[PDB]
Amino acid sequence: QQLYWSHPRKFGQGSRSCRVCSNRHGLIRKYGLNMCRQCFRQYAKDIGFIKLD
Amino acid sequence: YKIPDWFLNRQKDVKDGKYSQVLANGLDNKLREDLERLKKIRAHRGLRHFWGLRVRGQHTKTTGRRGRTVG
Amino acid sequence: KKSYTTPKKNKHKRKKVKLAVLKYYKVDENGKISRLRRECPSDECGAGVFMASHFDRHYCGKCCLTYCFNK
Amino acid sequence: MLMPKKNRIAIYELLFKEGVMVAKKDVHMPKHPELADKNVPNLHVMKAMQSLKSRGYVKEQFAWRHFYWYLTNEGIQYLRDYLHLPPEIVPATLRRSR
Amino acid sequence: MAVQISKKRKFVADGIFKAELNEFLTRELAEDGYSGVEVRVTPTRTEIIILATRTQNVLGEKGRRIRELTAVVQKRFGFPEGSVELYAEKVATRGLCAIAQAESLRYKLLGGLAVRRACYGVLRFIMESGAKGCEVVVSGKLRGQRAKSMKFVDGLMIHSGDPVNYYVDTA
Amino acid sequence: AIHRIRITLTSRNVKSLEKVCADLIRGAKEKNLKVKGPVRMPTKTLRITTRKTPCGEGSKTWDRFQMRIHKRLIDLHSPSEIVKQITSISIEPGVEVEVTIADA
Amino acid sequence: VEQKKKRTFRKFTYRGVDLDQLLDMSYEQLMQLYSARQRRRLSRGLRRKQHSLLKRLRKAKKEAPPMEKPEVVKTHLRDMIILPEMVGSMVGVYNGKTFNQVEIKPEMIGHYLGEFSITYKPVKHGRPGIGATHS
RNA sequence: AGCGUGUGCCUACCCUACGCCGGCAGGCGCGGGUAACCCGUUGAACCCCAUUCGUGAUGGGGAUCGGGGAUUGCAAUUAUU
RNA sequence: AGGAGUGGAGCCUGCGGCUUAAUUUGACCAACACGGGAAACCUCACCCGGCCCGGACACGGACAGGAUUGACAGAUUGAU
């Protein structure tokens, strides 16, 4: 819009989300992942990881 | 006698204009001034001092105690 | 959770009210068009848009951050 | 506006040529990168699709922060008439697969 | 390996693509007897073999459905043309296709039917087709508003150890 | 010409990997290109250790997940044409291959 | 301002220099007087639409009658270094709802605006409730 | 010593050798690393050997608190570090 | 049978109580460094002010000297 509609967020929590629901806090950044821990579990079998130990 | 400036107690005291080294009975006199100053301007600092509460960022909910008088 | 309380201000900018517009060209003689103020030849105007003669100002709605004299 | 009348055309004509549109769920997509640039200022793809979808003419999926709009026969007729274009075009089907 | 990602990140990025696709398709091919996919990149081509039980409903009228789906994928992941090419495949023996059997139960239920009879119908079929055993559960409401469970079981089943990875599929 | 060409293989499945390595060592040995056997590199562990409960409550438990990738490389020295010939043949499973221009 | 001996005269010149010199100094000479955190805010910042405040202060100070203070300029900004030029103005500072007004002294320089306006009630007990003791 | 980790990823960011300047925090100039290749033969701690302290709320303890300097950020006040 | 501790001191952190414009909220072996919850802004659910519509679609109405959009300067305003 005009000169006010936004405030810079480009670091910290409000500038990242997740790709399966856009939820914040509880999420895994590591390996380029961007998935929230509750939903990560349900796509764990789907190529990713498998339990072994 | 060439002891560096950074190695002193005071560097530019504030409103005195120099590097200084303060010793026993002058230390207390200097100290009491800075307390008085921060209630003169009446910043957040002097209020916390006068109320007898922690100056620096610290929780007072579970700290200090002493105490007594319970419900 | 909770629902809104009570303000009382409730206004709108103006509805850009329906008026008889273009008499920026004034009829005097045939077929002459008597301008009172320039039909602005800005740096992107096609000279088909007029400029407001505000009185105390000189303002175009197209050149609105630029080409605004105060006369 | 709402949106320009220019920006209606540039989406509806592009849709007619590919037979399908896709976008991502954002309200801060400045130009809609991937498809068509310099004619979407913000929402507009999503905002125009919603109105189109309301009147039929499309089916819609949504999965992992992405819409997916599938043009239909009814919509081919609609788009043809709305932009008054020649009868040659249909990219959704044009051959029976072997 | 410019401009691509290092080897640790390389496999993860493949998994994210494998997963998004596998839930994308499932929300628009369920009724046509979806059962999975199996992707394979080959030299200068992607193959996405869209495994489904009944190829009839998959095809549509003049291969329409396969054409819509290919144009989507070509734009979404931003590949240039001539990369992605879908193909269909019919799977023989549907009594081992738990995913499809589950989605058959879904539409039988949404058709408006009781739970016991529906479960029984799915049961005998998957047993008849050839299986060691099989099981169905339906947990949720019906005939009241306290939840319940109804288990229908036949044959053998396992639940413990590593053989679980080989000898059962679950949906 | 004859260029020192290094064929790196990488996969997540040790069986599927290894037989495809054997094939590429075969096709080389068949034409007597004086190839070097597989040099099996250290297998690397990706770990993810997270809560099993959504919304903390109950005993604190975690779960170790792991994926093991595998890398191994065969060094050839032969003409680059016949290399790209033998590379592209006899590969069926999901296994990646990377051809290199030259090596010292 | 009605003080004496806090920035001129016998007793106290602001780190060896009077207020009168400060006003003629640029920010450059001024910041080199020891007050470390101040120096970040100037060298990095350099006016991120603090423009709105500093013009209103000088303006209102000018137009106001002699031997009388101005009205107020208000702020939601609790952050801005108190400076010699700002002195003599009167500023209201938003808390969560309330604009607590303060006069600016020459003795407050270096500090922030937000230290002179509190944002909570100091506190006043008390009496244990019906649920505060394993009993 | 051992498990790891690292920019080329989201909308913008990594791990750091080396040279120089500074007591320190740190600044500055150059170079490598998509990684059994570069950082890193990860020359880590307790441990070990020789000085000093001497049973003393002591140099044990470092709470609290004064004054000053740096770095991150748009911003550090209720003191980010 | 034993080893090292906790309970005592100071601090960190969570919870109750109390205060407060608001001190957001779930949870009482199987809650209490738990919600991967080490909150400057952001998060944010809370409190106090101000702005925005991104109310599809349908039907009726308005309406081309016109439906409608935005804005210079001044006043007003934390606010350009």
# chains A, B, ... in the order shown; residues from 1 in each chain; ligands from 1
call {"tool": "interface_residues", "arguments": {"of": "chain H", "to": "chain A", "cutoff": "9 Å", "atoms": "only C-alpha atoms (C1' of nucleotides)", "output": "list in words"}}
result
residues 9, 10, 11 and 74 of chain H
call {"tool": "interface_residues", "arguments": {"of": "chain G", "to": "chain B", "cutoff": "7 Å", "atoms": "only C-alpha atoms", "output": "MDAnalysis selection string"}}
result
chainID G and resid 12:16 34 107:108 115:116 127:128
call {"tool": "interface_residues", "arguments": {"of": "chain A", "to": "chain D", "cutoff": "8 Å", "atoms": "only C-alpha atoms", "output": "number ranges by chain"}}
result
A: 19-22
call {"tool": "write_last_selection", "arguments": {"atoms": "N, CA, C and O atoms", "output": "PDB file, in the first residue's frame"}}
result
ATOM      1  N   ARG A  19       6.458 -25.161   5.476  1.00  0.00           N
ATOM      2  CA  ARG A  19       6.062 -25.262   4.102  1.00  0.00           C
ATOM      3  C   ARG A  19       4.889 -26.183   4.014  1.00  0.00           C
ATOM      4  O   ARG A  19       4.433 -26.495   2.916  1.00  0.00           O
ATOM      5  N   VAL A  20       4.447 -26.724   5.166  1.00  0.00           N
ATOM      6  CA  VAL A  20       3.339 -27.635   5.223  1.00  0.00           C
ATOM      7  C   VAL A  20       2.175 -27.059   5.978  1.00  0.00           C
ATOM      8  O   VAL A  20       1.124 -27.696   6.006  1.00  0.00           O
ATOM      9  N   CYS A  21       2.291 -25.844   6.570  1.00  0.00           N
ATOM     10  CA  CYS A  21       1.135 -25.226   7.179  1.00  0.00           C
ATOM     11  C   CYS A  21       1.375 -23.776   7.482  1.00  0.00           C
ATOM     12  O   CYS A  21       0.420 -23.060   7.769  1.00  0.00           O
ATOM     13  N   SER A  22       2.616 -23.276   7.288  1.00  0.00           N
ATOM     14  CA  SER A  22       3.042 -21.959   7.722  1.00  0.00           C
ATOM     15  C   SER A  22       2.868 -21.724   9.204  1.00  0.00           C
ATOM     16  O   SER A  22       2.200 -20.780   9.625  1.00  0.00           O
TER      17      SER A  22
END
call {"tool": "closest_atom_pairs", "arguments": {"of": "chain B", "to": "chain I", "cutoff": "12 Å", "atoms": "only C-alpha atoms (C1' of nucleotides)", "output": "tab-separated table"}}
result
residue	atom	partner	partner_atom	distance
B:58	CA	I:12	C1'	10.2
B:59	CA	I:12	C1'	10.1
B:60	CA	I:11	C1'	11.8
B:61	CA	I:18	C1'	10.6
B:62	CA	I:13	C1'	10.3
B:63	CA	I:11	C1'	8.7
B:64	CA	I:10	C1'	9.7
B:65	CA	I:10	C1'	11.5
B:70	CA	I:17	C1'	10.3
B:71	CA	I:17	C1'	8.7
call {"tool": "write_last_selection", "arguments": {"atoms": "N, CA and C atoms", "output": "short mmCIF file (atom, residue, chain, number, x, y, z; two decimals), in the first residue's frame"}}
result
data_model
loop_
_atom_site.label_atom_id
_atom_site.label_comp_id
_atom_site.auth_asym_id
_atom_site.auth_seq_id
_atom_site.Cartn_x
_atom_site.Cartn_y
_atom_site.Cartn_z
N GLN B 58 17.41 -7.90 36.60
CA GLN B 58 17.41 -9.02 37.50
C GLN B 58 15.98 -9.14 37.91
N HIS B 59 15.54 -10.38 38.22
CA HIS B 59 14.22 -10.64 38.74
C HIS B 59 14.31 -10.47 40.22
N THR B 60 13.22 -9.95 40.84
CA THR B 60 13.16 -9.66 42.26
C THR B 60 12.05 -10.50 42.85
N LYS B 61 11.38 -11.34 42.01
CA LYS B 61 10.26 -12.17 42.40
C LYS B 61 10.68 -13.23 43.39
N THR B 62 11.82 -13.89 43.11
CA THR B 62 12.34 -14.97 43.92
C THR B 62 13.67 -14.59 44.50
N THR B 63 14.06 -13.32 44.36
CA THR B 63 15.36 -12.87 44.84
C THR B 63 15.29 -11.89 46.00
N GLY B 64 16.34 -11.88 46.80
CA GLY B 64 16.43 -10.99 47.94
C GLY B 64 15.86 -11.59 49.21
N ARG B 65 14.59 -11.97 49.16
CA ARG B 65 13.93 -12.54 50.33
C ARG B 65 14.19 -11.64 51.53
N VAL B 70 4.48 -13.47 56.12
CA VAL B 70 3.87 -14.31 55.09
C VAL B 70 2.36 -14.39 55.27
N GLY B 71 1.67 -14.91 54.26
CA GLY B 71 0.23 -15.04 54.30
C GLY B 71 -0.22 -16.49 54.24
#
call {"tool": "residues_around", "arguments": {"residues": "region 38-52 of chain F", "least_positions_apart": "2", "cutoff": "7 Å", "atoms": "only C-alpha atoms (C1' of nucleotides)", "output": "list in words"}}
result
residues 36, 54, 61, 62, 63, 64, 65, 66, 67, 68, 69, 70, 71, 72, 73 and 74 of chain F; 36 of chain H
call {"tool": "residues_around", "arguments": {"residues": "residue 60 (chain D)", "least_positions_apart": "4", "cutoff": "9 Å", "atoms": "only C-alpha atoms (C1' of nucleotides)", "output": "list in words"}}
result
residues 53, 67, 68, 69 and 70 of chain D
call {"tool": "atom_distance", "arguments": {"atom1": "CA of residue 47 (chain D)", "atom2": "CA of residue 29 (chain D)"}}
result
12.2 Å
call {"tool": "select_by_dssp", "arguments": {"residues": "chain E", "states": "alpha helix (DSSP H)", "output": "ChimeraX atom specification"}}
result
/E:7-24,55-59,64-76,98-110,115-128,164-167
call {"tool": "residues_around", "arguments": {"residues": "residue 28 (chain F)", "least_positions_apart": "6", "cutoff": "10 Å", "atoms": "only C-alpha atoms (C1' of nucleotides)", "output": "list in words"}}
result
residues 22, 34, 35, 36, 76, 77, 78, 82, 83, 86 and 87 of chain F
call {"tool": "write_last_selection", "arguments": {"atoms": "N, CA, C and O atoms", "output": "PDB file, in the first residue's frame"}}
result
ATOM      1  N   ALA F  22      29.954 -52.379  -9.658  1.00  0.00           N
ATOM      2  CA  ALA F  22      30.510 -53.583 -10.227  1.00  0.00           C
ATOM      3  C   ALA F  22      30.369 -53.592 -11.728  1.00  0.00           C
ATOM      4  O   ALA F  22      31.310 -53.947 -12.430  1.00  0.00           O
ATOM      5  N   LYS F  34      42.355 -50.324 -17.710  1.00  0.00           N
ATOM      6  CA  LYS F  34      43.248 -50.264 -16.573  1.00  0.00           C
ATOM      7  C   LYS F  34      42.677 -49.421 -15.464  1.00  0.00           C
ATOM      8  O   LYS F  34      43.334 -48.533 -14.924  1.00  0.00           O
ATOM      9  N   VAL F  35      41.405 -49.720 -15.108  1.00  0.00           N
ATOM     10  CA  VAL F  35      40.600 -49.014 -14.141  1.00  0.00           C
ATOM     11  C   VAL F  35      41.064 -49.388 -12.752  1.00  0.00           C
ATOM     12  O   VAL F  35      41.727 -50.405 -12.559  1.00  0.00           O
ATOM     13  N   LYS F  36      40.691 -48.575 -11.743  1.00  0.00           N
ATOM     14  CA  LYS F  36      41.003 -48.790 -10.360  1.00  0.00           C
ATOM     15  C   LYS F  36      39.685 -49.091  -9.729  1.00  0.00           C
ATOM     16  O   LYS F  36      38.693 -48.419 -10.011  1.00  0.00           O
ATOM     17  N   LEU F  76      39.291 -43.968 -13.643  1.00  0.00           N
ATOM     18  CA  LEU F  76      39.531 -44.534 -14.952  1.00  0.00           C
ATOM     19  C   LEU F  76      40.552 -43.621 -15.572  1.00  0.00           C
ATOM     20  O   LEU F  76      40.680 -42.466 -15.177  1.00  0.00           O
ATOM     21  N   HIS F  77      41.285 -44.120 -16.592  1.00  0.00           N
ATOM     22  CA  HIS F  77      42.023 -43.268 -17.491  1.00  0.00           C
ATOM     23  C   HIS F  77      41.833 -43.897 -18.837  1.00  0.00           C
ATOM     24  O   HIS F  77      42.317 -44.998 -19.083  1.00  0.00           O
ATOM     25  N   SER F  78      41.069 -43.206 -19.716  1.00  0.00           N
ATOM     26  CA  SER F  78      40.708 -43.716 -21.019  1.00  0.00           C
ATOM     27  C   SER F  78      40.094 -42.568 -21.800  1.00  0.00           C
ATOM     28  O   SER F  78      39.853 -41.520 -21.204  1.00  0.00           O
ATOM     29  N   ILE F  82      34.238 -43.285 -24.920  1.00  0.00           N
ATOM     30  CA  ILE F  82      33.975 -44.644 -24.503  1.00  0.00           C
ATOM     31  C   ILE F  82      33.563 -44.698 -23.056  1.00  0.00           C
ATOM     32  O   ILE F  82      32.847 -45.604 -22.646  1.00  0.00           O
ATOM     33  N   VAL F  83      34.009 -43.711 -22.244  1.00  0.00           N
ATOM     34  CA  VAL F  83      33.582 -43.506 -20.876  1.00  0.00           C
ATOM     35  C   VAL F  83      32.101 -43.236 -20.859  1.00  0.00           C
ATOM     36  O   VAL F  83      31.376 -43.998 -20.235  1.00  0.00           O
ATOM     37  N   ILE F  86      30.025 -46.317 -21.666  1.00  0.00           N
ATOM     38  CA  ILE F  86      29.948 -47.385 -20.687  1.00  0.00           C
ATOM     39  C   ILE F  86      29.203 -46.899 -19.454  1.00  0.00           C
ATOM     40  O   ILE F  86      28.520 -47.689 -18.804  1.00  0.00           O
ATOM     41  N   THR F  87      29.157 -45.563 -19.222  1.00  0.00           N
ATOM     42  CA  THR F  87      28.555 -44.957 -18.054  1.00  0.00           C
ATOM     43  C   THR F  87      27.061 -45.143 -18.154  1.00  0.00           C
ATOM     44  O   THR F  87      26.432 -45.681 -17.245  1.00  0.00           O
TER      45      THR F  87
END
call {"tool": "closest_atom_pairs", "arguments": {"of": "chain I", "to": "chain C", "cutoff": "12 Å", "atoms": "only C-alpha atoms (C1' of nucleotides)", "output": "CSV"}}
result
residue,atom,partner,partner_atom,distance
I:24,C1',C:1,CA,11.7
I:45,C1',C:1,CA,9.2
I:46,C1',C:1,CA,10.8
I:49,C1',C:7,CA,11.9
I:62,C1',C:18,CA,11.5
I:63,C1',C:18,CA,10.0
I:64,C1',C:18,CA,11.1
I:65,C1',C:20,CA,4.2
I:66,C1',C:18,CA,7.2
I:67,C1',C:18,CA,9.5
I:68,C1',C:16,CA,7.9
I:69,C1',C:16,CA,9.8
I:70,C1',C:61,CA,7.9
I:71,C1',C:64,CA,6.2
I:72,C1',C:64,CA,5.5
I:73,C1',C:57,CA,7.4
I:74,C1',C:56,CA,10.4
call {"tool": "closest_residue", "arguments": {"among": "I:55, I:41, I:6, I:47", "to": "residue 95 (chain G)", "atoms": "only C-alpha atoms (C1' of nucleotides)"}}
result
I:47
